[PDB]
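Undergrad: Numbers 463 to 486, 490 to 584, 587 to 644, 651 to 765, taken from PDB author numbering, label the letters of the sequence shown in order. Mind looking over this structure? Questions follow.
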Amino acid sequence: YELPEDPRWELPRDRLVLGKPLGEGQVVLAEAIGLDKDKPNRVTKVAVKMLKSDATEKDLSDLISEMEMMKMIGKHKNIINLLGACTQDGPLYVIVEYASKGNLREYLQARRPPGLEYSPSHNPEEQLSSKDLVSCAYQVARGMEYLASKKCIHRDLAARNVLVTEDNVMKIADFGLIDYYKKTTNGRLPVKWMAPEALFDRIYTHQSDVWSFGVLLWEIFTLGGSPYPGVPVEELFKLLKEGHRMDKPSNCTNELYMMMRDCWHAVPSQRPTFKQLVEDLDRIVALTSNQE
Ligand SMILES: Cc1ccc(C(=O)Nc2ccc(CN3CCN(C)CC3)c(C(F)(F)F)c2)cc1C#Cc1cnc2cccnn12
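Right, dumping it as structure tokens:
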């Protein structure tokens with residue numbers, strides 16, 4: 463309730479115009498007036514995180530901790546950035562950048578090629596080239612390399628946790644933040666993104682996020698495909714113990730599949746780092762056709 467004031471980040475409440483809910490604590494779309502010192506007269510569309518009415522002191526401490534972590538990490542183009550907070554005289558609001566094109570999974574699926582008689588009415592007004600897909604991978608690797616340089620371990624890197632802005636910029640999110654059988658809102662199992670050592674030994678490192686990044690690359694090249702569809706938790710454990718790896722998606726180069734497979738090295742020390750992935754993806758982007 464009574465939080466201390468951080469003038470670096472404090473935005474007066476009368477400057478924030480709460481709008482439609484974006485997700486559910491809970492996230493709402495809002496308009497911030499004079500978020501920056503100049504101009505005090507410009508409105509910026511923002512996303513506001515707040516607690517729900519049924520929240521406890523632990524939920525408040527979690528929101529505070531998340532806001533505190535975002536302050537420490539600092540700004541990067543490929544992460545959802547903290548813009549402000551309302552901590553005084555009312556509920557805590559954590560104001561962050563708004564990504565109008567939703568999560569990367571939704572973004573990719575909406576840009577899938579048009580429906581056919583064997584699918587047949589998916590008629591997108593939006594389409595992605597091969598260069599655009601490698602660009603998404605590069606931007607996510609860049610956000611992750613930055614987070615890694617700030618000693619941050621994501622633990623849930625997946626296309627659902629990557630947001631897309633109006634300018635098509637990839638931004639890593641978290642929803643700064651376990652039941653293996655718990656499914657996402659979309660009905661998918663997060664264990665399908667977890668490195669075996671994180672899954673079986675609860676060892677979380679940058680190497681285990683690199684494993685998750687390999688699953689994220691697979692999600693990109695299948696245009697929002699669902700990893701291991703119809704595979705329950707127990708069968709997934711068995712696939713990992715057998716050293717099973719997902720097949721190469723169609724419209725994926727041998728080079729990019731080799732990258733996915735490298736991210737999925739059984740030995741964590743042998744996986745590429747985010748620094749190596751950013752360099753390889755930088756070179757690959759430049760050589761990838763935008764003609765198809
Ligand atoms: C309201 C809000 C609050 C917070 C965050 C947020 O991303 N917080 C965050 C917390 C922790 C971490 C890092 N940790 C991960 C865990 N790990 C164990 C420790 C390290 C990071 C990270 F980006 F650095 F990864 C971010 C996003 C939103 C949003 C939004 C928004 C904007 N546009 C749209 C459009 C549709 C829907 N939502 N939306």
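Note that the Cβ used here is the ideal one computed from N, Cα and C, for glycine as well.
Do residue 637 and ligand 1 come close, with the Cβ less than 7 Å from some heavy atom?
TA: Answer for residue 637: no, Cβ out of range of ligand 1.
Undergrad: Going along the chain, which unbroken runs of the beta strand (DSSP E) with 3 or more residues stay wholly within the stretch 499-573?
TA: As far as the stretch 499-573 is concerned, its whole beta strand (DSSP E) runs of at least 3 residues are 508-515, 547-551 and 558-562.
Undergrad: Check for me: the beta strand (DSSP E) holding residue 638 runs from which residue to which?
TA: It spans 637-639 - the beta strand (DSSP E) in which residue 638 sits, taken as one unbroken run.
Undergrad: Let me check you understand the geometry: is the CB of residue 641 closer than 7 Å to at least one non-hydrogen atom of ligand 1?
TA: Because some heavy atom of ligand 1 lies under 7 Å away, the Cβ of residue 641 counts as near it: yes.
Undergrad: The beta strand (DSSP E) spanning residue 478 covers which residue range?
TA: Run containing residue 478: 478-485, per the beta strand (DSSP E) assignment.
Undergrad: Assuming contact is defined by CB atoms lying nearer than 8 Å, are residue 613 and residue 544 in contact in what I supplied?
TA: It is a contact, given that the beta carbons lie within the stated cut-off.
Undergrad: What residues in its chain sit with their C-beta under 7 Å from that of residue 540, if we drop five residues either side in the sequence?
TA: Cβ within range, chain order: 546.
Undergrad: Can you give the Cα-Cα distance for residue 675 and residue 665, rounded to whole angstroms?
TA: Spanning the two alpha carbons is a distance of roughly 15 Å.
Undergrad: Can you tell which of 463, 682, 533 and 565 has its C-alpha closest to the C-alpha of residue 509?
TA: For residue 509, the nearest C-alpha among the options comes from 565.
Undergrad: Whole angstroms is fine: what's the gap from residue 535's alpha carbon to residue 468's?
TA: Approximately 13 Å between the Cα atoms of the pair.
Undergrad: Comparing the CB of residue 701 with every heavy atom of ligand 1, is any distance shorter than 7 Å?
TA: Because no heavy atom of ligand 1 lies under 7 Å away, the Cβ of residue 701 does not count as near it: no.
Undergrad: Thinking residue 762 and residue 597 are a contact (beta carbons under 8 Å), I'd like their distance in whole angstroms, please.
TA: About 6 Å; that satisfies the 8 Å criterion.
Undergrad: So, is residue 638 buried or exposed, given that buried needs 16 or more other C-beta atoms within 10 angstroms?
TA: It counts as buried.
Undergrad: Between the stretch 618-628 and the stretch 668-683, are three or more C-beta pairs nearer than 8 Å?
TA: Cβ pair count under 8 Å is three or more, so yes.
Undergrad: Determine the extent of the alpha helix (DSSP H) in which residue 607 is found, giving its start and end residues.
TA: First-last of the alpha helix (DSSP H) with residue 607: 597-616.
Undergrad: According to DSSP, simplified to helix, strand and coil, what is residue 493?
TA: Residue 493 falls in the strand class under three-state DSSP.
Undergrad: For residue 493, tell me which candidate among 478, 523, 504 and 737 has the shortest Cα-Cα distance.
TA: Checked all of 478, 523, 504 and 737; the closest Cα to residue 493 is 478.
Undergrad: State buried or exposed for residue 560, treating a residue as buried only when at least 16 other CB atoms are found within 10 Å of its CB.
TA: With 16 or more Cβ atoms within 10 Å of its Cβ, residue 560 is classed as buried.
Undergrad: Below 7 Å, is the gap between the Cβ of residue 536 and the nearest heavy atom of ligand 1?
TA: False, no ligand heavy atom lies under 7 Å from that Cβ.
Undergrad: For the beta strand (DSSP E) that contains residue 629, what are its first and last residues?
TA: It spans 629-631 - the beta strand (DSSP E) in which residue 629 sits, taken as one unbroken run.
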